[PDB]
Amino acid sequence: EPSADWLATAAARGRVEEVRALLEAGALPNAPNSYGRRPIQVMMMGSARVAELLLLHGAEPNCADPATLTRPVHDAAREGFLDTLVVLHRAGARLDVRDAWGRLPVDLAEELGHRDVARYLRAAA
C-alpha cells in the first residue's frame, strides 16, 4: 500500500495541504520511500511549513541517507534555507553530523556563500 510514497512525494513537492491531509489520515511520517528515504529527507527544503508539519506529527530530524549519510540539516544548509534549518535544529537536528565525504552542514553553507545559514550554525556551536 502506497501512502508512504504519497507522503514523501507531497513533501518533495512542497504541497503543504496534501502533506497535512495524508498525515491526518494516518500516513506514517517516518515511513521510507523506494530509496529508503523518509519525507523529512526528501522534502522541499524551501518549505519550512512542510518540515514543521512533519515534525508536529512525529518525524525524526536526524535520519541519514543510507548511502551519502546526508541528513536533512546538510541539505537545508547546502540549499541555503535558514528558516527550515531553524525548524530542524529546534526539533533536535544535530549540527555536528558528517556526510560520507566528512562534510558538516556549516561546510556546505560556507562553500556556496550561504552566509545567513553559516552564521547561524557557527553561533549554535
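Note that residue numbering begins at 1 and tracks the sequence as displayed.
Mean C-alpha B-factor is higher over 98 to 106 than over the other stretch, the pair under comparison being 20 to 28 and 98 to 106.
Annotation for 41 to 49 versus 63 to 71: the higher mean temperature factor (C-alpha) is found in 63 to 71.
Between the residues 58, 80, 36, 92, it is 36 that shows the highest Cα B-factor in the PDB record. Sorting the modelled residues of the chain by their CA temperature factor places residue 124 in the highest third. In the PDB entry, residue 7 places in the lowest third of its chain by CA B-factor.
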